[PDB]
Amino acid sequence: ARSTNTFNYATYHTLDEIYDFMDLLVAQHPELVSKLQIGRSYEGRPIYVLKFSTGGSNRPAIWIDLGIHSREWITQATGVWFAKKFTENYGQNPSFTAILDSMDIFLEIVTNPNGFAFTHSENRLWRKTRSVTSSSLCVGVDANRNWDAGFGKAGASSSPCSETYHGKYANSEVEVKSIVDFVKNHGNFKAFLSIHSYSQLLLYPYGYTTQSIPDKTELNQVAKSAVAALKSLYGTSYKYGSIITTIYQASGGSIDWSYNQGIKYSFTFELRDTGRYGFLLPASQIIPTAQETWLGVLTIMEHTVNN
């Protein structure tokens, strides 16, 4: 913590700790990474995105966000390891070097900071944002039911008290609108990855309809390859397939929106485990989870570079 080299990647961190880490990675790798503020949360916290870039102007780009659901702590812990990994492998890893020599990567480690801080202070199992519905005593909106793709349809709830409550209208949550404005404005995103836990699944569109996506054949083959690369390290098994078919029906999910904006490689990872620890995954599993997930993410980015 006097350098990202001495930061402890094998434990779970607080919001102050992860925000300070982003400042330190940018100070140590000024030619590769920068910190962008893309918005403010409902209670006033900055929403930051790390940009990894070799140069250029508006290059094709890859989006990755983690922590949209705050109790899924392995996802923010995996994102901190990804960020260091990126600065360790550029130059060393030949395909990763080749991706970053043609494209940029945007990494949002804490997509829901109010929920995150709330999981450290009052409820470890908090999922939603902290929007206050003054109609109810129930707080927050499920930010992964707030996107404008099948919004309001089966797979989300109209009660503010539901864990799956969609909000009063699409993009009502500022932490969803912040991504939406930034991605649309950028205009050159090629892949959109949103990481969750748990279940060990690789998911692609759609969640709000049983109809197949036009590109189902291609995405199924990328998912198949990505899941094989991941299992190569420690034998971890993943299942993959469309959201509605593989976990359950869900409307207003971010991957369905991005795919409908024309971003073809739209995938959600559900990380470890399959329920034995669930959201409370032991810290001794952070680095093995991050390492095998990298192999899965790298496979998809390779495919995106190549076509």
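Numbering starts at 1 and follows the sequence shown.
Q: Taking the mean of the C-alpha B-factors per stretch from the entry, tell me the winner out of 202-210 and 137-145.
A: Of 137-145 and 202-210, the stretch with the higher C-alpha B-factor average is 137-145.
Q: On mean Cα temperature factor in this entry, is 53-61 or 273-281 the higher one?
A: Per the deposited B-factors, the answer is 53-61.
Q: Out of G155, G150, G91, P113, whose C-alpha atom has the biggest B factor in the entry?
A: That would be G91.
Q: Whose CA atom has the top B-factor in the entry, of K231, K216, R124, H196?
A: Reading the PDB entry, the winner on C-alpha B-factor is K216.
Q: If you rank the chain by CA B-factor, which third does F182 end up in: lowest, middle or highest?
A: As the PDB entry reports it, the C-alpha B-factor of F182 lands in the middle third of its chain.
Q: Going by the entry, which third of its chain does the Cα temperature factor of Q28 land in?
A: Answer is highest: the recorded C-alpha B-factor places it there.
Q: Within this chain's modelled residues, let me know which third the CA B factor of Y238 belongs to: lowest, middle or highest.
A: CA B-factor rank for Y238: highest third.
Q: Classify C161 as lowest, middle or highest third according to the C-alpha B-factor given in the PDB entry, relative to its own chain.
A: As the PDB entry reports it, the C-alpha B-factor of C161 lands in the highest third of its chain.
Q: Is the Cα B-factor recorded for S70 in the lowest, middle or highest third of its chain?
A: Its C-alpha B-factor belongs to the lowest third of this chain's values.
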